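Structure, as C-alpha cells:
Counting neighbours? That spans all protein chains shown, and the Cβs are built from the backbone with ideal geometry, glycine included. A short reminder: the numbers here are calculations on the coordinates, not readings from a lab.
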There are 2 protein chains.
Amino acid sequence: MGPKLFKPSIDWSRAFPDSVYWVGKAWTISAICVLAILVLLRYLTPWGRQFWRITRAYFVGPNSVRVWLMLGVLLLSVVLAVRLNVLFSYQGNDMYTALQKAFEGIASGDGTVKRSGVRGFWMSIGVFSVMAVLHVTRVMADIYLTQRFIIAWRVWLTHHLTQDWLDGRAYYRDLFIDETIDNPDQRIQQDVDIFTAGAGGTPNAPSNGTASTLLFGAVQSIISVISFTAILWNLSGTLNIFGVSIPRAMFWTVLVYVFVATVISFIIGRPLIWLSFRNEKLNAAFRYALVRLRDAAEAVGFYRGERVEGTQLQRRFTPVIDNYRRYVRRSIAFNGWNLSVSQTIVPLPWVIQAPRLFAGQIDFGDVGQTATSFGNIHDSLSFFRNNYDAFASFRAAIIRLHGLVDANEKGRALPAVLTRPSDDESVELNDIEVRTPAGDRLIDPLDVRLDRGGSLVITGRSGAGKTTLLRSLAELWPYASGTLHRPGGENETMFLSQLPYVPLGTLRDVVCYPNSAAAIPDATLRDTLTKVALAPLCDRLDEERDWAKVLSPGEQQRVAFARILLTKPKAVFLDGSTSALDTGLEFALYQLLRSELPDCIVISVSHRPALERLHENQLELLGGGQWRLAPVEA
Amino acid sequence: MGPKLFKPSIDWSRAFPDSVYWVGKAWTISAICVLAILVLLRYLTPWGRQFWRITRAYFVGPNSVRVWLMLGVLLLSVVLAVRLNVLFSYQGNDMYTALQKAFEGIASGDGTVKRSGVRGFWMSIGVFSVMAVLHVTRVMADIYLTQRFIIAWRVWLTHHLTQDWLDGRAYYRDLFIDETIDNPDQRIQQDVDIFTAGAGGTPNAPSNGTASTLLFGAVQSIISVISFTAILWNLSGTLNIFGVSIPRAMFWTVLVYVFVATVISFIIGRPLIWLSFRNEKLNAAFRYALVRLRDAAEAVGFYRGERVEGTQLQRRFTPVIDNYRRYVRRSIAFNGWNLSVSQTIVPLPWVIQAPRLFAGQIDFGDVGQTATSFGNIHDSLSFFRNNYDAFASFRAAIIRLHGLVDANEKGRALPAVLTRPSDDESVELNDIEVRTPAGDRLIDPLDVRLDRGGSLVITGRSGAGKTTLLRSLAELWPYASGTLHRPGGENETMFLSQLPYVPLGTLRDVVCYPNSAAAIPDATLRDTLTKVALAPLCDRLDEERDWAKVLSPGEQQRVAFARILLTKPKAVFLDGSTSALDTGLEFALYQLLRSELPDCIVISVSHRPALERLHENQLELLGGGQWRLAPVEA
Ligand SMILES: Nc1ncnc2c1ncn2[C@@H]1O[C@H](COP(=O)(O)OP(=O)(O)OP(=O)(O)O)[C@@H](O)[C@H]1O
Ligand SMILES: Nc1ncnc2c1ncn2[C@@H]1O[C@H](COP(=O)(O)OP(=O)(O)OP(=O)(O)O)[C@@H](O)[C@H]1O
Ligand SMILES: [Mg+2]
Ligand SMILES: [Mg+2]
C-alpha cells in the first residue's frame, strides 16, 4: 500500500527469457504422466477397452514413429496457450493498480504521483501490443496442424475396416449369426467420421481447432488448474461466519461448490446415451427403403403399386420423429441445470473482497486479478459436466463400430464343407448332406465321382433343393456335412448364378469380371465377342453408363459365355444360363464350348428336356431324400 | 463532475413500467418493415427466387393461420433480449461512477462522500440480482419454443416432396431427361434437414437456440444497432488530427472501418460455394456402391470376385479426400482474415478517451460504458462477414433441392402412347411404332384386334424387341407413336415383369401386392394358396423377415398366380412367368386359370414350344421391322 509511483508485478525484461524455461519444465512432467493416465484408462474402463481393439495397429509397429511425433507438437501448442493466459492476468492487474494513483493524485493535490502514475498506463498498453500478435499467430498456426492429423487417421481407418469386412466371405455369412447386426453401409461411410473427429456426434468441418476436441479439451483444462492455483491461494481471506472460522474461504468454497453440481449433472444425462444410439439407426433404416425403390423402378411401373409402397415409408418414418420428441425433452432439463449453476456464482468475489477495499488492505488491482482467476479455475473445472452430452453421442459411436469388428469375427466360426486338391482332374465326393435352418432334410448322404471328360445334369422338383446343393459346394452355406476333392488352384472352379450379375464400371470390366482390366490383350477381346453373336457391341467398348437396366436379361447370359472362355477353367458349374434363349442357339453354344475347350467337366441344372442329348449321366432328386443316379440312353 | 454522493443514470423505479412501453413501440415498427424487406427479397434475388418455389404452400392458404402466430412470438423473444442488453450497460456505468467517489474520499479526507459513495456500490449489485434471473428464464424458455417450429416444418416438407416424386410415374422417366440428376435418396433423407434447420451445412441438434439461426441471427443484429447508437453519438470527441478536423471521430471511424474489411471478406469466399456442393455429392456416390454390394451378396460369392470390386471402392473414394484438401486450404485464409480484423480494433476506445480522463472532462463511468458499447455495435455489424461460410453451405442446399422439383416437372413432358377406354371388352390398336434412343428401328406400324375370349403369344429373336413392346403399352416408354383402346378402369390391366419383385413388409402384403393389407378376407386367403401347391407356407403368415433372399426364384412366380386371382382382371399381360417351372405343372396352372376365370385376354411371351397348344393367334417378329401375324393349326 506504499505511495510509490508504480510497481509492476514482474520485471517485464528477462520475462521472455524466463517464460521459455517454464515451458520446458511443464512439457515433460505433463507428458510422462499423461501417458500413464492413458495406459491406466485402457485396461480398467469398459468404454475404453473397446477403443483399443478398433484402432490397434495404427499406434504400434514400425510405421507409428511418425504419428507420435505429430502428436507431440500439439502438447506444446496447448502449454503455449496456458502460458499466455497467465500473463493476460498479470498484465490486467497493472491497469487497476495505476488507475488508483492516477485518481487520488488529483484529489490529494499531488503533482509528482499523478505525473508518475499515468506513466504506468502507457506501459500496460505496451504489453497489450505484443501479447496480442502472439495470440493471433498461434490459432492460425493451430487450425492447419490439427486438420492434417485426422485426415491421415480417416484415410487409414476406412481402409482398414473394409479389408476386414470382405476378407473371408464374411459379407454373406453375417446373415446366419445369432445377434444379427444391421445396415453396414453406415458404419463405414458415416460413423468413421464421428469416431475419428472426436468432437461430438457431428462430423468434422474445417474450423475445428484444438479447443473443440474431447481429448485435447481436457489436458488444456487440467494444466490450466495447476497453473492458476498459486495465485488465489495467497490471496483469500479468513471469512469468520457464525460457528466455525474458515482459514481460507474463497479457495475452499469453489471446490465443494463444483462437487455438488457435478454429481447432480451425472444422474440426469444417464439414459442420454441410448436415446442417441437409436437416432442413428432409425435414420439409417429409412435411407435403405428408397435405394431399394430407385433401382427397382421398372417392376413397380407394371404393377401400378404406388399406394401400398406409400404406406411403407410412412410406417418406417414416424418412429424417427417420435424418437426425437422425447430426446428434446431430456436435453433441456439437463441443459437447464448446467446454466443455472454457472450463473449464480459470478457475483461471488466482488462481495467477499468488498470491505477489504474500502479499507486500505489491498489496492484495487487484486480485486480484478482475483475476479479473473476465480472466473477461470471455476470454468476450467466446469469442463467435466458442461461437455457431457457431447461425450454421450461419442460413446454411441464406439458401440456402433465395435458391433461390426466383433460380428465378422464370429462370422467365420460357422461350419462348412472341407475341400482338398485333386491330383490331375477329378471331382469326387464321399458323403454330403445339407439341411435348412428350420431343421428339415433335403438330401441324404450321397456319392458321385467324375473324371477328366464327363458331364452331368441335375433335374428335380419345382423348389425342393436344387440350388442349395450348389450353394453348399463352394464354402458358402453353413448347414452341411462332408468333404470334396477338387481340381483346385486360383480360378479353376468357375460358378454362375441363377440370377445374372453385372459390375459397376465401364464396358471393359463387364466382360472380364474375375480378371482385372488390363490383363487381357485388346486385340483378341473383340474377336471372341463375334463367336457369341454380339456384333453391334464390338464398338463403344469405352462407355461409362450403368449397365444394370440397359441390356436385356437375355443379353446378360450370352456375355457370361464370353466370361467362361476368357478364363479357361476345368471344373465349371453352371445353372440356369438359358432362361431366355430360344432353342437353336443353345446347342450351338454348347457345341462351340466343346470344340474350343476339349476337357471341362460341365455340370448343369436345367428344366427343358433338350439338354439330355449332351450329357452322359443324370441325377434326379425326388424330394425329401430319395435320389437316383443313372446313365441316359436315347 | 459534481461532488454529489451518487447519481444513478435512470431512476430505477418506474423503470419496469417504462421498459414495457418501449417493447410495444419497437415490436410493430420492426415487424411491418421486416415483412417488406422479405417481400422485396423474394422477387429480385436469384437465391431467394428459388426459395419460394420449394416451400410455397406452407405459408399461404387457410392452414397457415397458425404458422404466423407461432412465428410472431419469436420476434418478441428477440426484442426482449436486446432490451436486457441495454440495461446491462446502464447498470455497469454505475460501478465505475461510484468507485471514483469511494476512492477520492479516502485521499481527500472526506467522511461524508466516502460513506455516501459506497451506498451506490450496494445498489448496483441489487440490480444484478433481478436482471440475472430474467436472463436465465428467457433462454430456457427459448430452446423449447424454437424446437417445436422446425419439427412441424420438417414433418410437412418431407411429406410434400415424396408425394410429388412418385405422383406421375416420374420416378422412372427421369432417366431419359437431358440434364440428368443423381441419387435422389439423399435429397429427401438428409438435405431436407439442413434446409429446414437453417443453421449451417450441419443438421440440427437439440440445443440450437434463436441466436444460431441465419434468419433470426440478423434481425437480432439490426435492432441491436439502432438501439445502441443513441448512446455513443452524444459521447465521442472532436479528434483534431493533422489536416482536417473531424467533428465526431469515434462514431464515424468504425463505420468506414467495417466497410473496408467487409468487401475484402466477400472476394475470398467467392468460390467457397461450389467446393461445398461437390462434397455432398461425392459422399453420396460412395454410399451407393455399398448398398449395391450388400443385397447382391449371393452372386459375388460364386464368382470369387473380391479383387475387382476392391478396386472400385478405391476408385470412387479417393476424389473425396482430394476434394477436401483444397477445401481446407480455402477456409483457413478466409478465417485467418476475419480474426485479424476483429482483434486490431479492441484497444481503440481506451486511447481516444484517455486524456479526457486524466483531466476532469468525464468521470470514469463513461469510459467503461463507451468501451461496452463500441465492443457491441462493432461486433453486431460484424455479423455480415463472420457468418458468411455458414451461409455458403446453406446456399448449396437450395440448388441441390431445386434440382429435384424442376427435374420431375420436366419428367412428364415427354411423349407417350394415348389410351382410351373400350366399351365392353376389346383390345385393339391402330398403329404402333417403337424405337431406341440411338435412333434405330424395331417394329413397323402394326395392327391387331382382340375380343372378349381370345389369346395371343409373341415369339421372336434373342434380344431384338420383345419386352420393349410391353414397356411401351403401359405409358412407361418415351419413344413411341400411336393409340390404344383398352378395357380400362382401376385395376383392369395387370402386367407382370420379366424379373420377379417382392415388397418389403410382412407375408400378408407379399401376396396381395396391388391391393391393401386389410381389404382381403382372411378366411379365403389361405384357401387359394392350396390351389398353387404352396401348402407349407399356409402357416407363418405373420412373420417379419425380408423375403428377397429366402424364397427361390422358382417360388416367386407361383405366388404371382395367386396375385392374379385375388384381383380378377380382364386384360392380363404376362411375360416369362415360367422361367423355372418344369413341364407338367405349367399347363395345369393354365387350365386352372381358364376354369376359374372364363374370359380374360391372355397375352404371353414365351420361348419353349409347349404353349402354342393353348393360344389361337401368333405374332412373330423377324427383327428389323418385318413381322407376321397368323393363326396356328395342329
Ligand atoms: N438404354 C436403353 N434402354 C432400353 N433399351 C435399350 C437401351 N439401349 C439399347 N436398348 C435396346 O433394347 C433392347 C432390349 O429389348 P427388350 O427390352 O425387348 O428385351 P428383350 O429383347 O425382350 O429381352 P428377351 O428377348 O431376352 O426377353 C436391346 O436389344 C437393346 O438393343
Ligand atoms: N432362409 C432361407 N435361406 C435359404 N433357403 C431357405 C430359407 N428358408 C427356407 N429355405 C428353403 O430353401 C429352398 C430353396 O431351394 P434352392 O435354394 O435350391 O432354390 P431352388 O429350389 O433350386 O429353386 P429352383 O428349383 O426353382 O431353381 C426352399 O425350398 C426353402 O424351403
Ligand atoms: Mg433354384
Ligand atoms: Mg426381354
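Structure above, values below:
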quantity	calculated
Antiparallel DSSP beta bridges within the protein assembly as shown, as percent of all bridges there, nearest 5	50
Exam field: B:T483 pseudo-label spacings to other copies (7 Å along Cα-Cβ), nanometres	7.6
Euclidean distance of C-alpha centroids, region A:534-584 and region B:570-634, integer Å	27
Position B:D539, label points 7 Å along Cα→Cβ, spacing to each other copy in nm (shortest first, one decimal)	6.2
Mean separation of Cα contacts under 8 Å (6+ apart) over length of chain A, as relative contact order %	14
With Cα atoms, 0 to 90° folded angle of helix A:365-381 axis to chain A main axis	20
With Cα atoms, 0 to 90° folded angle of helix A:67-108 axis to chain A main axis	20
Region B:344-379 residues near the modelled A:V136 label - backbone nitrogen below 20 Å, point 7 Å along Cα→Cβ	B:344-352, B:374-379
Label point 7 Å beyond Cα of B:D447 along Cβ direction - residues of region B:606-634 with amide nitrogen under 11 Å	none
Shielding by partners - mean other protein chain Cβ count within 10 Å, residues of A:100-109	5
Dipole magnitude (debye, nearest 20) for region A:44-127, charges at Cβ of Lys, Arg, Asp, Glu	480
At q = 0.11, 0.12, 0.18 Å⁻¹, base-10 log of I(q)/I(0) for region A:224-380 (Debye sum, equal scatterers on each alpha carbon)	-0.66, -0.72, -1.10
Efficiency of FRET between B:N279 and B:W22 - r from beta-carbon atoms, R0 51 angstrom, step 0.05	0.65
Per residue convex hull volume, Cα atoms of chain B, in Å³	255
Residue-averaged 222 nm ellipticity for chain A, from DSSP H runs of 4+ at -39500 (n - 2.57), nearest 500	-11000 deg cm²/dmol
Tilt relative to chain B, helix B:249-264 - C-alpha long axis, 0 to 90 degrees, to 10	20
Relative contact order [Cα under 8 Å, 6+ residues apart], region A:477-634, whole percent	25
Efficiency of FRET from Cβ geometry, A:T344 and B:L71, R₀ 45 Å, rounded to 0.05	0.85
DSSP-defined beta bridges in chain B - what % are antiparallel, rounded to 5	50
Spatial extent of region B:1-160: Rg and Dmax, with the Cα atoms as the point set, Å	24.2, 79
Shielding by partners - mean other protein chain Cβ count within 10 Å, residues of A:491-498	4
Gyration tensor verdict on the protein assembly as shown (Cα atoms; rounded if a/c is under 1.5, prolate if a/b is larger than b/c, oblate otherwise)	prolate
Inter-probe distance in nm under a simple model that places probes 7 Å from Cα toward Cβ, at A:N387 and B:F88	2.4
At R0 = 35 Å, FRET efficiency that the Cβ-Cβ distance of B:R294 and A:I399 yields, to 0.05	0.95
Protection proxy ranking, peptides A:458-470, A:138-150, average beta carbon neighbours within 10 Å, highest first	A:458-470, A:138-150
Whole-number percent relative contact order across region B:122-231, with pairs defined as alpha carbons under 8 Å at least 6 apart	28
Copies compared at A:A588 - label distances in nm, ascending, label defined 7 Å from Cα in the Cβ direction	3.6
Sequence of B:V434, B:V60, B:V254 once ranked by neighbouring C-beta atoms within 10 Å, starting from the fewest	B:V60, B:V254, B:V434
Number of partner chain Cβ atoms within 10 Å, mean per residue of A:500-510	3
Paramagnetic reach from A:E409 in region A:150-173 [backbone N under 12 Å; point 7 Å along Cα→Cβ]	none
Which of A:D424, B:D582 has the fewest Cβ neighbours within 10 Å, and the rest in rising order	A:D424, B:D582
Within region A:418-631, percent of DSSP bridges classed antiparallel, to nearest 5	50
Alpha-carbon gyration tensor eigenvalues x 5, square-rooted, for region A:418-631, Å	31, 19, 18
Spatial separation of Cα centroids for region B:222-267 and region B:40-119, in angstrom	21
Ranked A:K101, B:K549, criterion: other C-beta atoms within 10 Å, fewest first	B:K549, A:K101
Of A:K531/B:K466; A:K549/B:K281; A:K549/B:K570; B:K25/B:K101; A:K7/B:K101; A:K101/B:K4, pairs whose Cα-Cα distance is over 26 Å	A:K549/B:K570; B:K25/B:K101
Full-extension gain in nm, B:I246 to B:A523, via 0.36 nm per residue minus C-alpha separation	90.2 nm
Listed residues B:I377, B:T262, B:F121: farthest to the positive end of the dipole of region B:20-410 (Cβ charges)	B:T262
Percent of alpha-carbon pairs separated by more than 21 Å within region B:178-295	66
Amide H partners (placed H, <5 Å) of B:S455, local residues excluded	B:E616, B:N617
